[PDB]
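Have a look at the structure below, then the notes.
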Amino acid sequence: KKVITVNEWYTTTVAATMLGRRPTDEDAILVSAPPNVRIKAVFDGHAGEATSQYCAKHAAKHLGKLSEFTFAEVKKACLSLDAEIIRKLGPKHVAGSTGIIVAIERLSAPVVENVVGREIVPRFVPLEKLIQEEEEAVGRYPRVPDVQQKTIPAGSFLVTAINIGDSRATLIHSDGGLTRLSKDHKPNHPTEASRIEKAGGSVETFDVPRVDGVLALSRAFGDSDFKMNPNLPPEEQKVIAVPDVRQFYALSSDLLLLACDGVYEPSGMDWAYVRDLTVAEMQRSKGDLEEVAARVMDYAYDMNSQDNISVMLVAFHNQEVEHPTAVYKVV
Amino acid sequence: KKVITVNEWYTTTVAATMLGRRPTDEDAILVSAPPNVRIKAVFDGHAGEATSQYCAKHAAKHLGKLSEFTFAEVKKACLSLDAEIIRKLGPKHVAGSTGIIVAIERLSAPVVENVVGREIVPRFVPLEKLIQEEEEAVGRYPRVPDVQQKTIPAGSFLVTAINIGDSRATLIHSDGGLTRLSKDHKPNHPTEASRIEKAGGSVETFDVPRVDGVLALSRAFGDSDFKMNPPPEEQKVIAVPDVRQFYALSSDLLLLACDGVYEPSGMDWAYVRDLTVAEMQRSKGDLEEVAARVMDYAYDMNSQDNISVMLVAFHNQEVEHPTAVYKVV
Ligand SMILES: [Pr+3]
Ligand SMILES: [Pr+3]
């Protein structure tokens, strides 16, 4: 219902959030922050809103100083922020928060890269493959493409997806296809379970697999009580603030959609269904971004999601926006 | 309770809106639009949201083109936007919208002007005087000051208040004092009723004075059905704004709100100022909390309208890590 629309640089960004069936809304959205670099994010907090709101307000500060968006550089940036969060909000019982962050850069000239679909192979296992392995453990998603050399046209955007937790980012192509930019960090998955056990933790399933039978996520900012091993660095604790870092290219005709777990909780509503809703609403509404975000949010609520629901959509332009504006309206 | 906070340039701006007891929310807020000049605004629509939202999206397009924010130039800009609105959404039955717009210009060097309080005299009856005369026809507001020659320090902001309707803009000083940037456009006032009359219309009192017994406001964007006499500036309802010049210090707080915030009695200019000051203290300067709280008050005070508020704080230094954040509370 209540949507913010920012028209600036080479993008049109719309964002909205709702309490849903929860007493408070712990979701926070970084709508935009800065040469030729934009940073946007959706932070999903739990057990409090102090950490997610801190992240929204300060994540750009750390990521914004980076000269390259490599795993190593991004990793030190996230741990730096996490330490700052724990220091300022703790030291004990610090609320936690997921974080799906994107660093968007525009190409003013074409570039040649090796790619697997939209994922740029760094100069390796494509994320789509890893996601499909987890899903098997279907049919709604195409088989993983073979690597190929591609000339990414000027006007295209480089998108680095920095993920921590289970919020998600998706690129919807003009032809309807989609690229999954993130893979949820769950305690029961191999890499995560290994770290947890090494740090002296357990992974027990009640309603859902939980770390020490408490936390549903294996990675998150905050959550100070699960990072007190100190015989191990912060990056090897039960729960860590180390992100997965992947890069993809987006064409000016794409749509980038970031959403929290609340949108995908109904248990039917997967990446594919969300794409179908977006595609259908873009058609029916005649391309009104604000309405499509509002409709995907209502669908999730109507399908009985019991979580806060937040979505951010980004459309890209071939030319700089002439008259930038930031507008807040309803519907 | 959903707030947008934009930290950019030399300001921190927070905005929020709520349906309140209304079925829909037709308020639209222009949080910011561009050198060294901003534009911000609150548009309160009626009989539809198309017009208010159109204004938020395109007002700055027209105003931003201006070399100077004088009345002649601003009036041309507003009439142009109005024609465009009616041309795009009409011609007939176009929804209406009020408009409280502010053009903020930061000074890079001091300027010398003649002022009546914070109002700059063009090189005259101060706006405060008009408001006080109208309120009179026992004081919560100080007597109007004598004109003085002041040097506005660099780092200060020139603020042009462009009003069309009954939304309002207030400057809250660091010492608690307040400056009223606008005056409500009412159908029954001499200037308005006179124009309406000559246009073949009338003003009659029901729950409130109304144009032809229908519209609560005599000035607004859209409302094409009241602009078909055929000059645009002389129709029953017009989009000609009242334009006043002021100066704000980096220590002020600028508050823009729709009629919904002031609907309740006791919820007057002075009271909103009191609420804001109290909350800034109680929350140690949390702009988002003060915005939310002033809104809750209006609602608890039984306002039946949509509630929207925008607060702008100023800085002496350009923000170094600009952000636009949307959160709850
Ligand atoms: Pr959640
Ligand atoms: Pr109203």
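Letters A, B, ... mark the chains of the structure tokens in the order given; residue numbers begin at 1 per chain; ligand numbers begin at 1, in order shown.
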
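Applying a distance limit of 8 Å to only C-alpha atoms, the residues of chain B near chain A read residues 2, 4, 15, 16, 17, 25, 26, 27, 28, 29, 30, 31, 32, 33, 34, 53, 56, 57, 60, 61, 321, 322, 323, 324, 325, 326, 327 and 328 of chain B.
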
(message) Can you pull out every residue from segment 19-89 of chain A that DSSP, working from the backbone, puts in helix (DSSP H, G or I), and format the result as a PyMOL selection string?
(response) chain A and resi 50-63+71-89

Deliver the residues from the most recent selection as a file, using N, CA, C and O atoms, as a compact mmCIF listing (two decimals), in the first residue's frame.
```
# COMPACT_ATOMS: atom_id res chain seq x y z
N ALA A 50 16.55 -3.35 16.04
CA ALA A 50 17.74 -2.51 16.15
C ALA A 50 18.84 -2.85 15.14
O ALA A 50 19.46 -1.96 14.56
N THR A 51 19.09 -4.14 14.94
CA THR A 51 20.15 -4.57 14.04
C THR A 51 19.83 -4.36 12.55
O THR A 51 20.68 -3.90 11.79
N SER A 52 18.61 -4.70 12.14
CA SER A 52 18.22 -4.54 10.75
C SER A 52 18.20 -3.07 10.35
O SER A 52 18.60 -2.71 9.24
N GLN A 53 17.73 -2.21 11.25
CA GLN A 53 17.70 -0.78 10.95
C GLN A 53 19.10 -0.18 10.96
O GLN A 53 19.37 0.79 10.24
N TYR A 54 19.99 -0.74 11.76
CA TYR A 54 21.36 -0.25 11.81
C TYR A 54 21.99 -0.59 10.45
O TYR A 54 22.60 0.26 9.80
N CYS A 55 21.80 -1.83 10.02
CA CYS A 55 22.32 -2.31 8.74
C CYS A 55 21.88 -1.42 7.58
O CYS A 55 22.69 -1.03 6.74
N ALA A 56 20.58 -1.11 7.54
CA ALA A 56 20.03 -0.27 6.47
C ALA A 56 20.72 1.09 6.43
O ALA A 56 21.09 1.59 5.37
N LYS A 57 20.91 1.66 7.61
CA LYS A 57 21.52 2.98 7.76
C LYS A 57 23.03 3.04 7.56
O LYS A 57 23.56 4.07 7.13
N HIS A 58 23.74 1.94 7.85
CA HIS A 58 25.19 1.94 7.76
C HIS A 58 25.91 0.97 6.82
O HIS A 58 27.12 1.11 6.63
N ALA A 59 25.20 0.01 6.25
CA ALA A 59 25.85 -0.96 5.36
C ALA A 59 26.58 -0.30 4.19
O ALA A 59 27.69 -0.69 3.84
N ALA A 60 25.93 0.69 3.58
CA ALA A 60 26.52 1.40 2.45
C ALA A 60 27.84 2.05 2.83
O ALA A 60 28.78 2.07 2.04
N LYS A 61 27.91 2.59 4.04
CA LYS A 61 29.14 3.23 4.51
C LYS A 61 30.33 2.29 4.33
O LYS A 61 31.36 2.68 3.79
N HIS A 62 30.18 1.04 4.77
CA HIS A 62 31.26 0.05 4.64
C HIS A 62 31.51 -0.45 3.22
O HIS A 62 32.64 -0.47 2.74
N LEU A 63 30.45 -0.87 2.54
CA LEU A 63 30.56 -1.38 1.18
C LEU A 63 30.95 -0.29 0.19
O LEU A 63 31.57 -0.57 -0.84
N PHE A 71 34.81 -11.29 -3.15
CA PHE A 71 34.42 -11.94 -1.91
C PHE A 71 35.28 -11.44 -0.74
O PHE A 71 34.76 -11.06 0.31
N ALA A 72 36.60 -11.42 -0.94
CA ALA A 72 37.51 -10.97 0.11
C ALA A 72 37.22 -9.55 0.58
O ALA A 72 37.15 -9.30 1.79
N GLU A 73 37.06 -8.63 -0.36
CA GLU A 73 36.78 -7.24 0.01
C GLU A 73 35.42 -7.08 0.67
O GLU A 73 35.29 -6.37 1.67
N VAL A 74 34.41 -7.75 0.12
CA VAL A 74 33.06 -7.68 0.66
C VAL A 74 32.99 -8.36 2.02
O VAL A 74 32.29 -7.90 2.93
N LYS A 75 33.71 -9.47 2.16
CA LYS A 75 33.73 -10.19 3.43
C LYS A 75 34.28 -9.29 4.54
O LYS A 75 33.64 -9.13 5.57
N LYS A 76 35.44 -8.68 4.33
CA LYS A 76 35.98 -7.83 5.39
C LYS A 76 35.04 -6.66 5.69
O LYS A 76 34.97 -6.18 6.82
N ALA A 77 34.30 -6.21 4.68
CA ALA A 77 33.36 -5.11 4.87
C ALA A 77 32.21 -5.55 5.77
O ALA A 77 31.82 -4.82 6.69
N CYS A 78 31.66 -6.73 5.51
CA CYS A 78 30.55 -7.22 6.32
C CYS A 78 30.94 -7.53 7.76
O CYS A 78 30.19 -7.25 8.69
N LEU A 79 32.12 -8.13 7.95
CA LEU A 79 32.56 -8.45 9.31
C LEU A 79 32.82 -7.15 10.07
O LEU A 79 32.62 -7.08 11.28
N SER A 80 33.29 -6.14 9.35
CA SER A 80 33.56 -4.85 9.97
C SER A 80 32.25 -4.29 10.50
O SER A 80 32.16 -3.85 11.65
N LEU A 81 31.22 -4.33 9.66
CA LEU A 81 29.90 -3.85 10.04
C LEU A 81 29.35 -4.66 11.22
O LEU A 81 28.78 -4.10 12.15
N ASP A 82 29.52 -5.98 11.17
CA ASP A 82 29.02 -6.84 12.23
C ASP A 82 29.66 -6.50 13.57
O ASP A 82 28.98 -6.47 14.59
N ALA A 83 30.96 -6.25 13.56
CA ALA A 83 31.69 -5.92 14.79
C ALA A 83 31.21 -4.58 15.34
O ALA A 83 31.11 -4.38 16.55
N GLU A 84 30.91 -3.66 14.43
CA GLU A 84 30.42 -2.35 14.79
C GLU A 84 29.03 -2.49 15.41
O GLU A 84 28.71 -1.83 16.40
N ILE A 85 28.22 -3.35 14.82
CA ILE A 85 26.87 -3.59 15.32
C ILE A 85 26.88 -4.15 16.73
O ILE A 85 26.19 -3.65 17.62
N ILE A 86 27.68 -5.19 16.94
CA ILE A 86 27.77 -5.85 18.24
C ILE A 86 28.30 -4.89 19.29
O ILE A 86 27.79 -4.84 20.42
N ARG A 87 29.30 -4.11 18.91
CA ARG A 87 29.91 -3.12 19.78
C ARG A 87 28.88 -2.08 20.20
O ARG A 87 28.66 -1.85 21.39
N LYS A 88 28.22 -1.47 19.22
CA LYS A 88 27.22 -0.43 19.50
C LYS A 88 25.91 -0.90 20.12
O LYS A 88 25.30 -0.17 20.90
N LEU A 89 25.46 -2.11 19.78
CA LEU A 89 24.19 -2.61 20.30
C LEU A 89 24.27 -3.65 21.41
O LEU A 89 23.27 -3.91 22.08
```

Within 6 Å of ligand 2, which residues show up when you count only C-alpha atoms and all ligand atoms? List them as an mmCIF file with N, CA and C atoms, in the first residue's frame, please.
```
data_model
loop_
_atom_site.group_PDB
_atom_site.id
_atom_site.type_symbol
_atom_site.label_atom_id
_atom_site.label_comp_id
_atom_site.auth_asym_id
_atom_site.auth_seq_id
_atom_site.Cartn_x
_atom_site.Cartn_y
_atom_site.Cartn_z
ATOM 1 N N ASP B 44 -2.289 17.054 -1.102
ATOM 2 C CA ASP B 44 -3.463 16.417 -0.513
ATOM 3 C C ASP B 44 -4.600 16.410 -1.519
ATOM 4 N N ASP B 259 -3.948 19.097 5.926
ATOM 5 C CA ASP B 259 -5.032 19.555 6.788
ATOM 6 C C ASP B 259 -5.373 18.530 7.874
ATOM 7 N N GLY B 260 -5.199 17.252 7.551
ATOM 8 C CA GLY B 260 -5.514 16.188 8.488
ATOM 9 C C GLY B 260 -4.862 16.281 9.856
ATOM 10 N N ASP B 305 -9.521 12.668 8.660
ATOM 11 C CA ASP B 305 -8.865 12.783 7.367
ATOM 12 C C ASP B 305 -7.572 11.978 7.245
ATOM 13 N N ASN B 306 -6.992 11.955 6.047
ATOM 14 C CA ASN B 306 -5.716 11.262 5.860
ATOM 15 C C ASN B 306 -4.690 12.128 6.587
#
```

(request) Could you pull out the residues sitting within 10 Å of ligand 1, using only C-alpha atoms and all ligand atoms, and write them as a ChimeraX atom specification? (result) /A:22,25-27,43-46,97-98,165-167,260-265,306-310

(request) Run DSSP on the backbone and give me the residues of segment 85-229 of chain B it puts in strand (DSSP E or B), as a ChimeraX atom specification. (result) /B:96-97,99-106,111-116,119-120,148-152,157-164,168-172,178-180,203-205,209-211,215,219,221-222

(request) Tell me, in Å to one decimal, how far atom CA of residue 95 of chain B is from atom CA of residue 82 of chain B. (result) 11.6 Å

(message) Let me make sure I understand: among B:228, B:58, B:301, B:245, which one has the smallest atom-to-atom distance to residue 116 of chain B if we use only C-alpha atoms?
(response) B:245
